[PDB]
Amino acid sequence: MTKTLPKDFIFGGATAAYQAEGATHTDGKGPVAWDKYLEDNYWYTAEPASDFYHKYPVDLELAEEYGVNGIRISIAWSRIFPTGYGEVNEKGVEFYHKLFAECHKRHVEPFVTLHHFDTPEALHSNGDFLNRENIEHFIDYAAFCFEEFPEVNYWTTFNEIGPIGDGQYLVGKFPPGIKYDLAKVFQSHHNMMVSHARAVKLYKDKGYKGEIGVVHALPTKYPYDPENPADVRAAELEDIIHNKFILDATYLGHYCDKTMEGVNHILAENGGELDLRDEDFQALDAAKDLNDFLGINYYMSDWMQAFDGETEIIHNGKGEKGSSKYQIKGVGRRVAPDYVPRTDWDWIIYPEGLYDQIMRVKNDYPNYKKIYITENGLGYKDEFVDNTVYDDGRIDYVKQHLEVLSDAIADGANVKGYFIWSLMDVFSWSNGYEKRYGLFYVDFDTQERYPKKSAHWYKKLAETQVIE
């Protein structure tokens, strides 16, 4: 009677290597830019995260125990290749084989992503993906993992290529920590996207019979006053930075005129030069109908109010309602409507924005084949009571999102799965171990797992495909 999900739907949980894993120095792991930024530029350190390095056994058991038939995991690049390129760290490759064995032992299909914010320190410093030399090292790493790991049927290149730009060269969040460098944001996108296109082409050529794809963060951008041509334009140009430039490269194998018209405008008003090449478009063009699936990482929508003035961005990493500021010259300013609910980090809780993006991708690019919601959830300071957590809050947010998932499907969108973030509690980039997102509460002091109320909820959802 209520919204109901496909029988064959995958009800998974997602995780990330450098957040869950642990053992940063333990067993051959090479360094990453995070190891320092968290220390000097922050307070808390990734050690011991959620001890996934040794605890995967309990987690996959619990996942299977509560109806989780899919799990997002990422191969820590620095683990396989300590420096980024060269001699393989036999110990690293081992762990990953053992991790997957448990996956199949447990009946939780692994969806593996290669790069998830962990570019090996050395390569990161040497330009990351703004240095074409590094594009090859990635191409090698991908090539390698493809050959080494036959257990994995689902592969993914990059997780959140847009945010990687947003955080490193625009909102200065992640290391390096640059600000307002839109030429870099666009450049980063082109280079990182080319890297993926070359991975996807190689996978197909080599013959592997699995499924390669991408995981894009797609926060819907709406004009503050739809009747306002300026604001409508504000959202046009805001969407072009975080979403359209990337999605184009992915499915058209080039950037259409609107995207260019706008990218040229941004860089006019903000200054910048871009290095785009025929070979990049030859590579991008060759892989536009090879992606097997599309990974949509949706959390919220933004409202843009076209407004002149100098550019300024204030990131709310501490969680202070309204401390967030964002304005870009030649674009507009984000302005959150008061009718719509917010969390302490100023993330809007707007489900329809999801459905809207699903339809946006579906109509703009038919060739998408299928969709997977590879990320979505709500993180706050959960309270441990009765050695559980009465997170009725989370259930409500996630439920609403799943409700419109039914709608998008019913209305033609080919969405085949959901991955709540995270499976169990993990370390947070901007918030440390305070922003709990998982279905299972991890007592970080004892690395214990206690299933929260959302787990038992999720189960009956997973085994009845009835949202209620």
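Up top you'll find the structure we're talking about.
Residues numbered from 1 in each chain as written, not as in the entry; some residues may be left out. Heavy atoms only, no water.

1. Digging into the sheet that holds strand β12 (residues 371-375)
By definition, the strands of a sheet pair up through backbone hydrogen bonds, in either a parallel or an antiparallel sense. Read across the sheet, 8 strands follow the order β4-β3-β2-β1-β15-β12-β7-β5 without closing on themselves; strand pairing throughout is parallel. Both outer strands of the open sheet, β4 (154-158) and β5 (213-217), are each paired with one neighbouring strand and no more. Neighbouring strand axes in the sheet, compared pairwise and without regard to direction, differ in orientation by 25° on average. Lying on the sheet, helix α7 (residues 132-148) is in contact with β3 (109-115) and β4; it crosses β3 at an angle near 160°. Lying over the sheet, helix α9 (residues 182-205) contacts β3, β4 and β5, oriented at roughly 155° with respect to β4. (Pairing = 2+ DSSP bridges. Helix = DSSP H or I, 4+ residues; strand = E, 2+ residues; numbered from the N terminus. Axes fitted to C-alpha atoms, helices over the stretch in contact; angles between N-to-C directions. Contact = heavy atoms within 4.5 Å.)

2. Some remarks on helix α15 (residues 453-462)
Of all the positions in α15, only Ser454, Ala455, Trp457, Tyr458, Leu461 and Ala462 are classed as buried. All buried residues of α15 lie within an arc of 165° about the axis, which places them on one face of the element. Along its buried surface, α15 packs onto β1 (10-14), α14 (392-410), β15 (415-421), β16 (440-443) and β17 (448-451). (Buried < 20%, exposed > 50% of the residue type's maximum accessible area, 1.4 Å probe, protein only. Arc of directions from axis to C-beta.)

3. Some words on the layout of surface pockets
The calculated volume of the largest pocket comes to roughly 1,300 Å³. Within the residue set of the lining of the largest pocket, elements represented by two or more residues are α8 (161-170), β8 (302-305), β9 (312-314), β10 (325-328) and β11 (332-334). In the lining of the largest pocket, the residues fall into 23 nonpolar, 13 polar and 12 charged. (1 Å grid on protein atoms, 1.4 Å probe; cavity = no way out; pocket = protein on both sides within 12 Å on 5 of 7 lines; lining within 4 Å. Points joined across faces, edges and corners; volume = space filled by probe spheres on them. Nonpolar A, V, L, I, M, F, W, Y, C, P; charged D, E, K, R; others polar.)

4. Re the side chain of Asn89
Locating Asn89 in the fold gives a position in the loop between α4 (77-80) and α5 (90-106). A relative accessible area of 13% places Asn89 in the buried class.

5. Notes on the state of the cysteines
A full pass over the atoms with the stated rule returns 0 disulfides. Between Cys103, a free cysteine, and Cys145, which holds the nearest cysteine sulfur, the sulfur-to-sulfur gap is 15 Å. (Disulfide = S-S within 2.5 Å.)

6. Remarks on α5
Taking 1.5 Å per residue, 17 residues should reach 24 Å; α5 reaches 25 Å between its end C-alpha atoms and fits that length. Turning to α5, its buried residues are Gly92, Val93, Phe95, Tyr96, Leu99, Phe100, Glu102 and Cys103. Those residues of α5 that are buried lie in contact with α1 (17-20), α3 (52-65), β2 (70-74), α4, β3 and α7. Trailing α5 by a residue or two, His107 shows a phi angle of about 80°, which is positive. (Expected span 1.5 Å × (residues − 1).)

7. Details of the nonpolar core
In globular proteins that are soluble, nonpolar side chains generally tend to be buried together. Among the nonpolar cores identified, the biggest contains 150 residues, and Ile75, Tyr96, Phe100, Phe138, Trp155 and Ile296 are the most heavily contacted of them. With 11 residues, α9 is the single largest residue contributor to this core. In contact with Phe138, other than residues within four places in its own chain, are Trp77, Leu114, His115, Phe129, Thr157, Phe158, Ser195 and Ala199. (Core = buried A, V, L, I, M, F, W, Y, C linked by side-chain atoms within 4.5 Å.)

8. Observations regarding the pairing of β1
Of all the 5 residues making up β1, 5 are buried; the element is thus mostly covered by neighbouring parts of the structure. By the alternation rule, side chains of β1 split into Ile10, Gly12 and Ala14 and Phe11 and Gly13, which are all buried. Pairing of β1 with β15, which is carried by 5 bridges, proceeds in the parallel orientation. Bridge pairing links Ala14 to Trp421 in β15.

9. Here we look at the packing of aromatic side chains
What characterises a pair of aromatic rings is the spacing of the ring centres plus the angle enclosed by the ring planes. In total, this model carries 49 aromatic pairs according to the counting rule given. Taking the centre distance of 5.0 Å and the plane angle of 5° together, the rings of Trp77 and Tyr141 count as stacked. Of the two residues, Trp77 is situated in helix α4 and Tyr141 in helix α7; the sequence distance between them amounts to 64 residues. Judged by centre distance (6.0 Å) and plane angle (80°), the ring pair of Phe427 and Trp429 falls under edge-to-face. Per residue, the accessibility class of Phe427 equals that of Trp429, and both read buried. Here the aromatic cluster, defined as three or more aromatic residues joined through ring pairs, consists of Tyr18, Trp34, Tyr37, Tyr42, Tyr44, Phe117, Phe174, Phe427, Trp429, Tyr433 and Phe444. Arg436 extends its terminal NZ or CZ atom over the ring of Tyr441, reaching a point 4.0 Å from the ring centre. (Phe/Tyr/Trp six-rings, centres within 6.5 Å; stacked < 30°, edge-to-face > 60°. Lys NZ or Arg CZ within 6 Å of the ring centre and 35° of its normal.)

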